[PDB]
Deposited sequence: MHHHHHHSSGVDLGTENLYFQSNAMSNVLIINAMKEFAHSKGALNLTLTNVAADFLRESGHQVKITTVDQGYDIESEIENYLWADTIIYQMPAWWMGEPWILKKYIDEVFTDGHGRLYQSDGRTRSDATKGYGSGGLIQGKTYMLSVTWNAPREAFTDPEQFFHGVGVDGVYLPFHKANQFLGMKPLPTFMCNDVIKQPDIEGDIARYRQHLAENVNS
């Protein structure tokens, strides 16, 4: 005997042709909308630094983890890979227990040794690439979709026991900025997938 607890991990970074403003904006849009909607929200700003232990506790507290990030060389910026390499690993015993296999039947069960089953996660990504690069079979990603491109990132999260919510993506963000459209679409996405 409110709404779901949400942790937003903002992986914005000012570097070369990325200035981090779109990712900061979408982080704030989600935080404000979700809070308005009744969710408690915590925000981690990766590039600013973080306390590994606190982050592990944040995952345990969260019902849903949103990764807000730009696309850097087809995936997460290095700062976010460092964050999971530190946080997930140090989370051994609390976020996951094992690889889910037995030495007895070693070919089976990989990825079933998580401890945070029940929690969900969602990718919110920003790309210079057009949406068609992911869906047109003759284009760069051979039709595998955004979730095919992010398959290893998805699987790192699923190894802990989590399941994904549908991915949100903004495309052509450099050549054809559409902040108003991004915000409207994102609010709609959050209303459908994160609010319940």
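Return the ranges of the deposited sequence not covered by C-alpha coordinates, sorted by sequence position. Model skips 1-18, 20-23 of the deposited chain.
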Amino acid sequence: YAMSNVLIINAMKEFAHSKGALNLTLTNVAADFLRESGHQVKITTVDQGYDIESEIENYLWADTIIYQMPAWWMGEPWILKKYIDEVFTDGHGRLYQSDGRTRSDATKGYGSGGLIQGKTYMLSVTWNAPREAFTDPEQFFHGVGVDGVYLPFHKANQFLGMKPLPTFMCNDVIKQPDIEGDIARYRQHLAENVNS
From here on, numbers count along this sequence of modelled residues.
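Is the mean CA B factor in the deposited entry higher across 99-107 or across 115-123? Mean CA B-factor is higher for 99-107.
Tell me which of 153-161 and 24-32 has the higher mean C-alpha B-factor in the deposited entry. The recorded data point to 24-32.
Going by the entry, which of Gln40, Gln139, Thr167, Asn171 has the most elevated CA B factor? It is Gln40.
Is the Cα B-factor recorded for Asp63 in the lowest, middle or highest third of its chain? Its C-alpha B-factor belongs to the middle third of this chain's values.
Would you please rank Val46 by its C-alpha temperature factor against the other modelled residues of its chain and give the third it falls in: lowest, middle or highest? Middle third.
Per the entry's values, where does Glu132 land by CA temperature factor relative to the rest of its chain, in the lowest, middle or highest third? For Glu132, whose C-alpha B-factor we compare with every modelled residue in the chain, the answer is the middle third.
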